[PDB]
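Right, one structure below, let's go through it.
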Amino acid sequence: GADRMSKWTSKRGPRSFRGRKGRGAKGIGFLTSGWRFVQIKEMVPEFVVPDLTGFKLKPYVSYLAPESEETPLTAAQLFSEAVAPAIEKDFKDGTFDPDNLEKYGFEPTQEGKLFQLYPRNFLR
Amino acid sequence: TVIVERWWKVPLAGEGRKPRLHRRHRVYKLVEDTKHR
Amino acid sequence: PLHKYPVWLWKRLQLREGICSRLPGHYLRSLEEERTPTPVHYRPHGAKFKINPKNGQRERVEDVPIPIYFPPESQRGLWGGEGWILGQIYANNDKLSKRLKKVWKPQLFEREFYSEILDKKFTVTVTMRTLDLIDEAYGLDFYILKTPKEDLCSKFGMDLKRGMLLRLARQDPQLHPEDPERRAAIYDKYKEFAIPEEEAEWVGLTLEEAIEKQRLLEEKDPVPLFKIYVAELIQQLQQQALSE
Amino acid sequence: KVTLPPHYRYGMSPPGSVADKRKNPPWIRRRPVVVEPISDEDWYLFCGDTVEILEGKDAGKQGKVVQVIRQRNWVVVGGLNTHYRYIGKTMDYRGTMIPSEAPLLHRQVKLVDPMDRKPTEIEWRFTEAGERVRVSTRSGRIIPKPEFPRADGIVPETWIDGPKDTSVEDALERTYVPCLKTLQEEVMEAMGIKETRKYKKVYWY
Amino acid sequence: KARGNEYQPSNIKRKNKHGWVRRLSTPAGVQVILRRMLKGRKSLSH
Amino acid sequence: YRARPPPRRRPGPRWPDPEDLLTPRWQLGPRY
Amino acid sequence: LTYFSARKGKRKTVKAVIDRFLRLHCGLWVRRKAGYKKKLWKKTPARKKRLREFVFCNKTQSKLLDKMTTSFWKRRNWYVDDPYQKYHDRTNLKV
Amino acid sequence: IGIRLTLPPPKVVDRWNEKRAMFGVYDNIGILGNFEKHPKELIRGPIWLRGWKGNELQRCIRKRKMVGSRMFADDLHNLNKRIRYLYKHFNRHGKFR
RNA sequence: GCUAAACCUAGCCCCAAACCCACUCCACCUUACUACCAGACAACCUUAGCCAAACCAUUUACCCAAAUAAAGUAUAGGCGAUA
Ligand SMILES: [K+]
Ligand SMILES: [Mg+2]
Ligand SMILES: [Mg+2]
Ligand SMILES: [Mg+2]
Ligand SMILES: [Mg+2]
Ligand SMILES: [Mg+2]
Ligand SMILES: [Mg+2]
Ligand SMILES: [Mg+2]
Ligand SMILES: [Mg+2]
Ligand SMILES: [Mg+2]
Ligand SMILES: [Mg+2]
Ligand SMILES: [Mg+2]
């Protein structure tokens, strides 16, 4: 008599079932003795909203805009635009060594960084 | 060591072919148990 | 429809694709080889032709092995190729009587064996046949190395073989560290079984164990593209200077 | 958008319209119409092209193509191959009779030569500059692609930027300086947000 | 007395008896899921 | 029309690939 | 009788017929009298001699045994020093 | 009811297409070609039916022997049952014994 | 006159050929599709029977990897059925 095809949500089942199932919202704390909830300030996401005063970009773009070819950014292009000028400048001067790769922007280990590329530890 | 032989003759399989075993080939008779030697 | 290849060839096809392709050739040939185990629970004819008593004619005869069931607990001991015999019998050895189910189990014993190469004593569950094979081989170490994989019928026995082969291959000095003379004597005794260390590491490993071992060897962190792009940039700059 | 059924029959009414839904309900299953396969490069009829009707009541007449339906190899010529139907009919009013064009197959029309207004066969050829254009077989004359209004109903020439339209100078301004920093890192520096606490290592499995 | 009401609904019993976790608890139950996956069942279990 | 060229027994010995699993075993022995 | 075998798709031969009857190539079947080795002490020598004879089968029995044996047993054999060689062919037979 | 009210579309048969015009060619390849190739080698179809004929039971036995290992599990199971039923039908049922 | 009738496609079957298939984000072995806490539970083990023998009790074909042939022969079997 039960509906197997319907989505199993928190509105179905006895009182224990309904209070344990959620809707995908992330938790922001934990429960202590006496069913008291402690909300962690750091677990609550913070919206980093910039100042939009004096901003010249609008949601839409005027149709009098020349069409441009789509060139997706790759690692090779990013390396050339950011790191190649630094290495070439030192190569001509004659002061270039593999020990100073961190000077050009290389990061040997992501540990110790607030935002780690892999594994990712930051939100969008 | 328990040594047994089949009651029923197994048909020849030939060169490079595995023998065909019917369920009647599971019937065994005790030949000799080496622990009594 | 129909399969391109027969079903029984699917396992062999898998060895030609994936991580199994990169397994060592000497190990893969060991899996492909399937030698006939030494007869244990049946008596071989010993001749390829026998004269039939009835018609007095020369008839070809073949040895059909008795199927043997090896319990999982047999892998922790050395049963010498013995195992459970799952079969049928006739009551009072009369074919006109009932056909009953009969299981023959080897008589298991707990014995302690010392390995000269490993310099250790093992408490191994063995049968009376295992004792005879060791006695005929003049020691446990000879028995483990001489006995083929299909006749050992024990994962522990193959693991013992790999340990002994590794020590012989490496001339491992951990065997009696304070007696260099005694260590060389034992290695000289078993010098005929010495094989290269590369091959000895893969002896006795199952397919799953070999795949896991191969995966660990091939497991390495990816090289960051920063280092790769630096090498190309440095090389190209040098080539530009030559043309100038 | 709408996932059409496997054998949806395209018609004069555009898919997803009110008329199309009545003609093609979700449960309809009609016999597929066999359509000759024409490659996109092989197709040579476009909106605004002048073609001459070969078969029908208006055989030999020339007109301008107003709509092309690739799913049926159809070209619609304005004011040609037309039948008359009543529009806006009510209970009291009989309605207004208007000419209604009927679709024509690609083989029932023939593109005209710009120099001599006669039907001619064309082939796709590349010019010296490399552009792909249509060339008449008999005369070897380039037939330009007609200028048709864009489907979005926007004229770039007659366009005035609104209160929410970014100007061309601001839109094309390049303010991106490449660097080995993420968007999150750059915003923290830009907004002066300081975080000294270090992120603890976690187990991933 | 009157029959036909042998099914007295209970979510706890239904999930404990025919649930996904119950199916995977035994090798026989896993084959039950495999048969339903092979047949294309929309609902593999409760 | 014109008939296709007649089916002929292909000249020369036929050597199957020994590394192919679909190759019959009787075509790889010394007897073959 | 197995009209179509499960492995070859061919008619099989009932081996009980082979162990008891001999088929002459002319189509006749030769058998021995039943009970010719049973209770000889209570049978007269005239009766015992008839039991030792090798008799033929009638049309129905001969036709029955032909169906129960394959074409291998109906071929012409040239055994050396065959005792029944002279009986494989008919002589002076009308209709 | 049960009969169509309109004539079916006419049957257009090209009696002189390439397939019909060259039908039967090379059927005497053995006779006119020094017996290098048997005519049965021209037959194209199932690998268990080239130059061979039999009843339903013989075809099922032959197909299982030749391509039984390449058949699908469901197809093989139906073939095995068909042989069992045909074995009982031919060897145990019928008017003549 | 109604009720109805009529249709030619959707696709499918048998072969050949060729060795298929998994992952945008997020969720999913706990009550699957449930962001976030101490595991150490872990796989192997003869198919039987209907049925045939006009009962039934020994026995009763079941791809095992080359088409054909040897051959339904040798042989096995309540020496029966049949294999
Ligand atoms: K019959
Ligand atoms: Mg229901
Ligand atoms: Mg042979
Ligand atoms: Mg077999
Ligand atoms: Mg009910
Ligand atoms: Mg109750
Ligand atoms: Mg389905
Ligand atoms: Mg899923
Ligand atoms: Mg019966
Ligand atoms: Mg009864
Ligand atoms: Mg006999
Ligand atoms: Mg009988």
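Using ideal geometry, Cβ is built from the backbone for each residue, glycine included, and neighbour counts are taken over all protein chains shown. What follows is calculated from the coordinates using simple rules that are stated; it is not laboratory data.
Here is how the numbers come out for the structure above:
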{"quantity": "Criterion (surrounded by 12 or more Cβ atoms within 10 Å (Cβ to Cβ), in a helix (DSSP H, G or I) and either more than 16 Å from ligand 1 (Cβ to nearest atom) or on the phi < 0 side of the Ramachandran plot (or both)) met by exactly one of E:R41, E:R23, E:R35", "calculated": "E:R23"}
{"quantity": "Hits in segment G:63-80 (condition: closer than 13 Å to G:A16 by Cβ and free of Cβ contacts under 8 Å to residues at least 40 places away in the same chain)", "calculated": "G:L64"}
{"quantity": "Subset of segment A:38-49 [more than 8 Å from RNA strand I (Cβ to nearest atom) and part of a loop (DSSP other than H, G, I, E, B)]", "calculated": "A:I40, A:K41, A:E42, A:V44, A:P45, A:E46, A:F47, A:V48, A:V49"}
{"quantity": "Odd one out for E:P9 among (1) closer than 20 Å to A:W8 by Cβ; (2) more than 16 Å from ligand 5 (Cβ to nearest atom)", "calculated": "(2)"}
{"quantity": "Subset of segment A:4-15 that is surrounded by 10 or more Cβ atoms within 10 Å (Cβ to Cβ) and either within 16 Å of ligand 4 (Cβ to nearest atom) or within 10 Å of chain E (Cβ to nearest Cβ) (or both) - its residue that is farthest from E:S43 (Cα to Cα)", "calculated": "A:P14"}
{"quantity": "Positions within segment E:1-20 being assigned to a loop (DSSP other than H, G, I, E, B) and under 15 Å from A:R4 (Cα atoms), in sequence order", "calculated": "E:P9, E:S10, E:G19"}
{"quantity": "When residues of chain F are limited to those that are among the hydroxyl-bearing types (S, T, Y) and surrounded by 10 or more Cβ atoms within 10 Å (Cβ to Cβ), the one farthest from the other protein chains (Cβ to nearest Cβ)", "calculated": "F:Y32"}
{"quantity": "Pick from segment G:1-54, criterion small (G, A, S) and within 16 Å of RNA strand I (Cβ to nearest atom), ranking: farthest from the chain's Cα centre (by Cα)", "calculated": "G:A6"}
{"quantity": "Contacts under 9 angstrom Cβ, first residue in segment B:3-23 being of a type in the set (S, T, N, Q), partner within 16 Å of ligand 1 (Cβ to nearest atom), 6 or more apart", "calculated": "none"}
{"quantity": "Residue identified as of a type outside the set (A, V, I, L, M) and surrounded by 14 or more Cβ atoms within 10 Å (Cβ to Cβ) among D:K145, D:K110, D:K89, D:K118", "calculated": "D:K110"}
{"quantity": "Condition check for H:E36: away from chain G (no Cβ under 14 Å), away from ligand 5 (no atom under 16 Å from the Cβ), in a loop (DSSP other than H, G, I, E, B) and acidic (D, E)", "calculated": "yes"}
{"quantity": "Qualifying positions in segment D:173-199 - of a type in the set (A, V, I, L, M), in a helix (DSSP H, G or I) and within 7 Å of chain A (Cβ to nearest Cβ)", "calculated": "D:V187, D:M191"}
{"quantity": "Filter result for the condition that a residue is under 22 Å from the mean Cα position of the chain (by Cα) and in a loop (DSSP other than H, G, I, E, B), over C:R43, C:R35, C:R29", "calculated": "C:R35"}
{"quantity": "Matching residues, segment H:44-95, being touching a helix residue (DSSP H, G or I) at 6+ places or on another chain (Cβ under 7 Å), aromatic (F, W, Y) and within 14 Å of chain C (Cβ to nearest Cβ)", "calculated": "H:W48"}
{"quantity": "Given (1) in a strand (DSSP E or B); (2) more than 14 Å from every other protein chain (Cβ to nearest Cβ); (3) touching a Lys or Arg at 6+ places or on another chain (Cβ under 8 Å), number of the condition C:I144 does not satisfy", "calculated": "(1)"}
{"quantity": "Test for C:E17: is it of a type in the set (D, E) and either surrounded by 11 or more Cβ atoms within 10 Å (Cβ to Cβ) or farther than 19 Å from C:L205 by Cβ (or both)", "calculated": "yes"}
{"quantity": "From the options G:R20, G:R50, G:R11, residue that is surrounded by 11 or more Cβ atoms within 10 Å (Cβ to Cβ), part of a loop (DSSP other than H, G, I, E, B) and free of Cβ contacts under 8 Å to residues at least 40 places away in the same chain", "calculated": "G:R20"}
{"quantity": "Any strands (runs of 3 or more DSSP E) falling wholly within segment D:18-84 and containing at least 3 residues that are over 27 Å from D:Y8 (Cβ atoms)", "calculated": "D:50-53, D:62-69"}
{"quantity": "Single unsatisfied condition, A:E81 versus (1) within 13 Å of chain D (Cβ to nearest Cβ); (2) in a loop (DSSP other than H, G, I, E, B)", "calculated": "(2)"}
{"quantity": "Residue in segment A:16-37 that is in contact (Cβ under 8 Å) with a residue 60 or more places away in the chain, away from chain E (no Cβ under 14 Å) and outside any strand (DSSP E or B) present", "calculated": "no"}
{"quantity": "Sole exception among (1) within 14 Å of chain B (Cβ to nearest Cβ); (2) out of contact with any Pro (no Cβ under 8 Å at 6 or more places or on another chain); (3) over 22 Å from B:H36 (Cα atoms); (4) away from ligand 4 (no atom under 16 Å from the Cβ) for C:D63, by number", "calculated": "(2)"}
{"quantity": "Only one of A:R4, A:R36, A:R15 that is out of contact with any helix residue (DSSP H, G or I) (no Cβ under 8 Å at 6 or more places or on another chain), within 16 Å of ligand 2 (Cβ to nearest atom) and over 30 Å from D:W159 (Cα atoms)", "calculated": "A:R4"}
{"quantity": "Matching option when the condition is surrounded by 10 or more Cβ atoms within 10 Å (Cβ to Cβ) and either more than 16 Å from ligand 5 (Cβ to nearest atom) or within 14 Å of chain E (Cβ to nearest Cβ) (or both), among A:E46, A:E107, A:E102, A:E69", "calculated": "A:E107"}
{"quantity": "Qualifying residue in segment D:163-170 (condition: facing chain A (nearest Cβ under 8 Å) and assigned to a helix (DSSP H, G or I))", "calculated": "yes"}
{"quantity": "Residues that are more than 13 Å from every other protein chain (Cβ to nearest Cβ) and free of Cβ contacts under 8 Å to residues at least 12 places away in the same chain, drawn from segment C:2-56", "calculated": "C:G18, C:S21, C:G25, C:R29, C:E33, C:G46, C:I51, C:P53, C:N55, C:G56"}
